[PDB]
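Right, one structure below, let's go through it.
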Ligand SMILES: *[C@@H]1O[C@H](CO)[C@@H](O[C@@H]2O[C@H](CO)[C@@H](O[C@@H]3O[C@H](CO)[C@@H](O)[C@H](O)[C@@H]3O)[C@H](O)[C@H]2NC(C)=O)[C@H](O)[C@H]1NC(C)=O
Ligand SMILES: *[C@@H]1O[C@H](CO)[C@@H](O[C@@H]2O[C@H](CO)[C@@H](O)[C@H](O)[C@H]2NC(C)=O)[C@H](O)[C@H]1NC(C)=O
Ligand SMILES: *[C@@H]1O[C@H](CO)[C@@H](O[C@@H]2O[C@H](CO)[C@@H](O)[C@H](O)[C@H]2NC(C)=O)[C@H](O)[C@H]1NC(C)=O
Ligand SMILES: *[C@@H]1O[C@H](CO)[C@@H](O[C@@H]2O[C@H](CO)[C@@H](O)[C@H](O)[C@H]2NC(C)=O)[C@H](O)[C@H]1NC(C)=O
Ligand SMILES: *[C@@H]1O[C@H](CO)[C@@H](O[C@@H]2O[C@H](CO)[C@@H](O)[C@H](O)[C@H]2NC(C)=O)[C@H](O)[C@H]1NC(C)=O
Ligand SMILES: *[C@@H]1O[C@H](CO)[C@@H](O)[C@H](O)[C@H]1NC(C)=O
Ligand SMILES: *[C@@H]1O[C@H](CO)[C@@H](O)[C@H](O)[C@H]1NC(C)=O
Ligand SMILES: *[C@@H]1O[C@H](CO)[C@@H](O)[C@H](O)[C@H]1NC(C)=O
Ligand SMILES: *[C@@H]1O[C@H](CO)[C@@H](O)[C@H](O)[C@H]1NC(C)=O
Ligand SMILES: *[C@@H]1O[C@H](CO)[C@@H](O)[C@H](O)[C@H]1NC(C)=O
Ligand SMILES: *[C@@H]1O[C@H](CO)[C@@H](O)[C@H](O)[C@H]1NC(C)=O
Ligand SMILES: *[C@@H]1O[C@H](CO)[C@@H](O)[C@H](O)[C@H]1NC(C)=O
Ligand SMILES: *[C@@H]1O[C@H](CO)[C@@H](O)[C@H](O)[C@H]1NC(C)=O
Ligand SMILES: *[C@@H]1O[C@H](CO)[C@@H](O)[C@H](O)[C@H]1NC(C)=O
Ligand SMILES: *[C@@H]1O[C@H](CO)[C@@H](O)[C@H](O)[C@H]1NC(C)=O
Ligand SMILES: *[C@@H]1O[C@H](CO)[C@@H](O)[C@H](O)[C@H]1NC(C)=O
Ligand SMILES: *[C@@H]1O[C@H](CO)[C@@H](O)[C@H](O)[C@H]1NC(C)=O
Ligand SMILES: *[C@@H]1O[C@H](CO)[C@@H](O)[C@H](O)[C@H]1NC(C)=O
Ligand SMILES: *[C@@H]1O[C@H](CO)[C@@H](O)[C@H](O)[C@H]1NC(C)=O
Ligand SMILES: *[C@@H]1O[C@H](CO)[C@@H](O)[C@H](O)[C@H]1NC(C)=O
Ligand SMILES: *[C@@H]1O[C@H](CO)[C@@H](O)[C@H](O)[C@H]1NC(C)=O
Ligand SMILES: *[C@@H]1O[C@H](CO)[C@@H](O)[C@H](O)[C@H]1NC(C)=O
Ligand SMILES: *[C@@H]1O[C@H](CO)[C@@H](O)[C@H](O)[C@H]1NC(C)=O
Ligand SMILES: *[C@@H]1O[C@H](CO)[C@@H](O)[C@H](O)[C@H]1NC(C)=O
């Protein structure tokens, strides 16, 4: 019953910033990484980076290195994705994914927001 | 033909003595302060204590390696007056252990003194030359 | 020429069997509630459990005092068909124990029942007169 | 004639060696975290460890099941120069253990090497044909 | 031709097994009761017997090793046993009113915080002053005034560590009980997993010092011959990369502040040790690493990194871009104080085809190690000036990944777990159980008699 | 019911009862009367074996 | 059981039975007081007089 | 209240001393010296053995 709830639709100006919420439910929030994948309208999936709720250590992709800041709140079990300096191509649907419970490794996004 | 652990409990003493290896096998085999750990550890120690208790008697009786062991102690009629037919082919080890329970202590005393307490000294004197 | 504990682990089964005395020696030898004390206590009980387990099996097989012990069980060809030259002068005990692992449970059952479960009764009747 | 545990402590070695079974018997036999329970559990493991320590040494000496065991090690005159009459009919096991206490480790080292380390190989080669 | 089975007791046969390993330490006589050696651990043997196994090839897997999970649960369990009888600072969650201890400095990492505290008597309350670090204190209003509170009082409880125990790591030998053995891999060029050619057996492991570190591995065991690049999956960016050096690099860290211990009684027998006024100058802690040695050592690492990312490629090093607190700084303990050093100056190079480095360090007193959500420890003030010299022998790196076409490759330090510290000292060890029973057919039969 | 978590100390969290969302209805158990009567009868037949 | 012809050295001052028993009585005292009522709030300022 | 904590003894437990016998585990024995004129230290002529004090 893994539940991933994200924030509502956002409308921002180019160069401004936007912070996307992702509240998890149904499991131990501090035991699994949290990924972020966006998809432009009519395009494919694009991985942005994963964040470890334990220590907070993230792993932003080289494409967004220096623009995205991923934080988390252990008390409310919610990961955050903030993108600064929005460009024209950043219009996309931003999902937060989680690995499988099985196989003891990442890269198998079974649960999505 | 093997029945399992305690399979020959209701059989005759003669039929049960052919399956001594069955009871011999199944006789020995952040914080761990859990109630079950304390039990489990105390059960393993209690288990190996009872195992060495019997092996301790098999040492002083000269029957350490064998499962059936003949001795030098003559059977006194005061312990039981039954014949070999009435014991090995009509009685079970359960009702036999109940009939000798009043004398098992006396038998054990002669079982360690009459033979292996005397035989080892005679073995020393016979192998002296 | 001694190599040490498990020194002939990669040797042939014939060269490793000549040093069975080596592995036999190194097989047994305000508050004490420390995590290390609990670990030491559970390690000492764990050590004597595995030691007495091997001696228990050697006791019901009539091989208590010896390190190389012959038996009455005939070798079944279904267990392994290799020749004597192909086993003791070509294979190691590691890859040999992996090959017989599926039949070690059946062999042990026949190893205790065919002989020492039968021998003790035959020796009892041979010494009957 | 039995005196009790350690009854023959002050008698000669010849009179005390006839009661080896006496000392051999009394040698082994919401929260349980009480000071008395932890001490009791650690004492039972301590008891069975001292017992298996002596049995282990008797195993490498080929004397596992016997109470009086003869060997192949020749007695060196440097250990003691007394005669059999001056040892078994004048000394007790207490004062005798004090005199040879400086050589018990050397005797134990030779006791495992002179016989059972050599006999087992010769026992294998004599029963090889 | 007639074959019969024969019992052999003592056959060299072992199988992969996981058991409870116990402690082993040398006779270190001494100020005592350090957490790890604790009251009594088994004294190591005067002469260890390392026995080589000829023509023996054994599979190893440092990443699925069970020795790591045991040791990780032993350090944590040792920590709680040493904090149960110590004083809990639960009343120290009074609303603090602080100021700037910065000696009248215009345009500070520590604040002066005065508060009302309980006394030996219940009805009597006292007002005392104590110095605290800015990292251990957050404002209470953010509206904002100058009233503060402790960092932990909102999430976890706090317990003051006893001033007698020392946090200095001493060598620990993990030993296997009788009937079990540890197979050591003595291969000089052994990577993470796979078959080990030269395998020996030991009873206990070597003296492993449990050094709780981040990013940089201090007081570790060096790798022989060439430096080693160990990783669960080099093709995985989410998996950390454990690097072990061959030449040890030296790092000197000091806390120039000459702190003083201000003991204030907060209850019958309860003594809370606070920080008194620093005697002398206010100087933040730092660490010096030889730039000539670090650049040299870093170059020896990129030569082995190109063996797994192309003989010619772009390799750069940047500072940790993700995380907070202790995963973004080289955190470690030294003399009792917990340092938090910014390693931005160490990972600031780009590779293609005596002027030492200074690292700013910040110090805390309320720490949350090993993911412990619920228990926070207060390190009592270490009186005097602190100086320790360490050997940095390992690193914990992490790729950035992304949609790059294998043109450039960046590396960033991380420390998402503490089990990776112990794997750098347990990669060569492996626990197996000894099975001395083996049957084999021969031409010998037991005499019927 | 709803869980109204209120912090009562450093790390100590006391979980109290929030307002009931919806109607106020007391708990109950049902059980089939037909099945209960049948089982009750099968008992009293065995009870008469000890009371005539 | 009396042991004849046995002469043993004794030392009541280097006895280990005393050092263990002293640690036993002390350990029994703390275990019988841990579940009892602690009087830490009874440290209020007392205002007394003479009987 | 100025130096140490205080704990009220439960009114159920009693402080009356009752005889306590100290026993030896298996493999160990306690030797009692029955000498009437036995001082502190020294060899004891009359020596017996018991399992509990
Ligand atoms: C890594 O290893 C080094 C070297 O073993 C550790 O350095 C050690 O640091 C302690 C703490 O300062 C030294 O103890 C000191 O002793 C002097 C007495 O001369 C005393 O005045 C100090 O107050 C302190 O107690 C210790 O001597 C020193 N090691 C050696 C061999 O001298 C270091 O702490 C280890 N850990 C890390 C994270 O680097
Ligand atoms: C921190 O605050 C305390 C007061 O709670 C200061 O203590 C006194 O400061 C005055 C000067 O402001 C001195 O004259 C006194 O000698 C200090 N001690 C006492 C007991 O009153 C303390 O100096 C402050 N520290 C800093 C660095 O500002
Ligand atoms: C840190 O400060 C302490 C406290 O003043 C220094 O210890 C003093 O040293 C002087 C040396 O002239 C002695 O006269 C004092 O008696 C010492 N203080 C006390 C309280 O006894 C200490 O020297 C300073 N640290 C260093 C490294 O010098
Ligand atoms: C890692 O290095 C970057 C280098 O830029 C640091 O980011 C700078 O931080 C300073 C301090 O406020 C700012 O003035 C700069 O504008 C920042 N630059 C960029 C590009 O963001 C960063 O702080 C370092 N990491 C940590 C944890 O401090
Ligand atoms: C308790 O609830 C169960 C729910 O399964 C009821 O059982 C169901 O009853 C309906 C009645 O229409 C049937 O359609 C289902 O097939 C039943 N399912 C099962 C698994 O039995 C049950 O009746 C309820 N208890 C009582 C006393 O009515
Ligand atoms: C039990 O009694 C029956 C009686 O017919 C006998 O045949 C059998 O051998 C006895 N023992 C068993 C079934 O173990
Ligand atoms: C058997 O025991 C009785 C009672 O002690 C004794 O009188 C009798 O002589 C004993 N007989 C034999 C044969 O041991
Ligand atoms: C053996 O004992 C039984 C029962 O006491 C008796 O019936 C029988 O006659 C005795 N003798 C023989 C030879 O069975
Ligand atoms: C053993 O003694 C009890 C107690 O007198 C007695 O009831 C029982 O019959 C005796 N059993 C035997 C076999 O003598
Ligand atoms: C290893 O191989 C060499 C060469 O065949 C051989 O002489 C030696 O006995 C072997 N040792 C082991 C332990 O396999
Ligand atoms: C030989 O092996 C088969 C299968 O393991 C077994 O069923 C059979 O009884 C064995 N035969 C003999 C004579 O041991
Ligand atoms: C035994 O060796 C012979 C060769 O001498 C071979 O033909 C035979 O197949 C071998 N037996 C086996 C493999 O079971
Ligand atoms: C006794 O030991 C000495 C010293 O090793 C040796 O020279 C002598 O031959 C030994 N004598 C006997 C009888 O063993
Ligand atoms: C033998 O050991 C005792 C131990 O007290 C010692 O006093 C004595 O000098 C030793 N004798 C020799 C010859 O080493
Ligand atoms: C006092 O410290 C705060 C904390 O950063 C700082 O912002 C402020 O400037 C300091 N006070 C003065 C007068 O500079
Ligand atoms: C201490 O108590 C007094 C009296 O209530 C109050 O005026 C003062 O602000 C308190 N200080 C702190 C730091 O709470
Ligand atoms: C070690 O090298 C071998 C050889 O290619 C490889 O199969 C194995 O995956 C490597 N292990 C690690 C941890 O890199
Ligand atoms: C640092 O390395 C040198 C050389 O290997 C060694 O002698 C020294 O003991 C090491 N010191 C520490 C603290 O590890
Ligand atoms: C660290 O201190 C030692 C003191 O002997 C010195 O030799 C070494 O050069 C220092 N290293 C650094 C990097 O400061
Ligand atoms: C590192 O060493 C290389 C090779 O000599 C040199 O070109 C480079 O400038 C050095 N970098 C630093 C930061 O010392
Ligand atoms: C990183 O290295 C460059 C090149 O030497 C230097 O200019 C820069 O200042 C360094 N970064 C920091 C934060 O000092
Ligand atoms: C309880 O009464 C208070 C009175 O002000 C009211 O505000 C509140 O909504 C009521 N319900 C709950 C669940 O507290
Ligand atoms: C119980 O059920 C039986 C059979 O359906 C019926 O005869 C009897 O009257 C019932 N009793 C009650 C109390 O309903
Ligand atoms: C106790 O008696 C012994 C007897 O040998 C003697 O040596 C010792 O001095 C006596 N001690 C006292 C205090 O009289």
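Chains as they are written, first to last, in the deposited numbering: chain B, 1 to 113; chain U, 518 to 546, 565 to 664; chain V, 518 to 546, 565 to 664; chain Y, 518 to 546, 565 to 664; chain X, 32 to 61, 64 to 140, 152 to 186, 186A, 187 to 309, 312 to 321, 321A, 322 to 397, 411 to 506; chain F, 302 to 309, 312 to 321, 321A, 322 to 354; chain H, 84 to 134; chain G, 196 to 248.
Built from N, CA and C at the ideal position, the CB exists for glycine as well.
{"Query": "Closest residue to residue 244(G) among 661(Y), 656(Y), 523(Y), 664(Y) (Cα-Cα distance)", "Result": "523(Y)"}
{"Query": "Contact test: residue 234(X) Cβ vs ligand 17 heavy atom, cutoff 8 Å", "Result": "yes"}
{"Query": "Alpha carbon of residue 592(Y) to alpha carbon of residue 268(X), nearest angstrom", "Result": "45 Å"}
{"Query": "Cβ separation of residue 510(X) and residue 565(U), assumed to be a contact under 8 Å, to the nearest whole Å", "Result": "Here chain X has residues from 32 to 506 only, and residue 510(X) is not among them."}
{"Query": "Coarse secondary structure for residue 603(Y), derived from DSSP in three states", "Result": "coil"}
{"Query": "Whole-angstrom C-beta distance between residue 193(X) and residue 423(X), which should lie under 8 Å", "Result": "6 Å"}
{"Query": "Euclidean distance between Cα positions of residue 350(X) and residue 475(X)", "Result": "27 Å"}
{"Query": "CB contact check: residue 430(X) to chain U, cutoff 9 Å", "Result": "no"}
{"Query": "Beta-carbon proximity of residue 41(X) to residue 538(V), cut-off 9 Å", "Result": "yes"}
{"Query": "Local conformation of residue 124(X) per DSSP, three classes", "Result": "helix"}
{"Query": "Short CB-CB distance (under 9 Å) between residue 234(G) and chain X", "Result": "no"}
{"Query": "For residue 160(X), the three-state DSSP class (helix, strand or coil)", "Result": "strand"}
{"Query": "Cβ-based neighbour list, residue 95(B), same chain, cut-off 6 Å, excluding 5 preceding and 5 following", "Result": "37, 112, 113"}
{"Query": "In DSSP terms, what residue 466(X) is bridged to", "Result": "359(X)"}
{"Query": "is_contact[residue 650(V), chain X] using C-beta, thresh 9 Å", "Result": "yes"}
{"Query": "Where residue 535(V) falls: helix, strand or coil (DSSP)", "Result": "helix"}
{"Query": "Which of helix, strand or coil DSSP assigns to residue 153(X)", "Result": "coil"}
{"Query": "Any non-hydrogen atom of ligand 8 within 8 Å of residue 620(U) CB", "Result": "yes"}
{"Query": "Counted within 10 angstroms of its Cβ, other Cβ atoms place residue 140(X) as buried (16 or more) or exposed", "Result": "exposed"}
{"Query": "Segment contact, 8 Å Cβ cut-off, at least three pairs: the segment 519-533 of chain U with the segment 59-68 of chain B", "Result": "no"}
{"Query": "Whole-angstrom C-beta distance between residue 450(X) and residue 287(X), which should lie under 8 Å", "Result": "7 Å"}
{"Query": "Distance between residue 638(Y) and residue 613(Y) (C-alpha atoms, nearest Å)", "Result": "9 Å"}
{"Query": "Within chain H, partners of residue 166(X) - CB distance below 7 Å", "Result": "124, 126, 127"}
{"Query": "Residue 95(X), DSSP secondary structure in three states", "Result": "helix"}
{"Query": "Residues of the segment 601-635 of chain U with Cβ closer than 9 Å to any Cβ of chain V, in chain order", "Result": "601, 602, 603, 604, 605"}
{"Query": "Inter-residue spacing [alpha-carbon to alpha-carbon] between residue 166(X) and residue 201(G)", "Result": "13 Å"}
{"Query": "Minimum C-alpha distance to residue 225(G) - residue among 246(G), 197(G), 196(G)", "Result": "246(G)"}
{"Query": "Contacts that residue 640(Y) makes with chain V (C-beta to C-beta distance below 7 Å)", "Result": "Going along chain V, no residue has its Cβ under 7 Å from residue 640(Y), so there is no contact; the nearest lies around 15 Å."}
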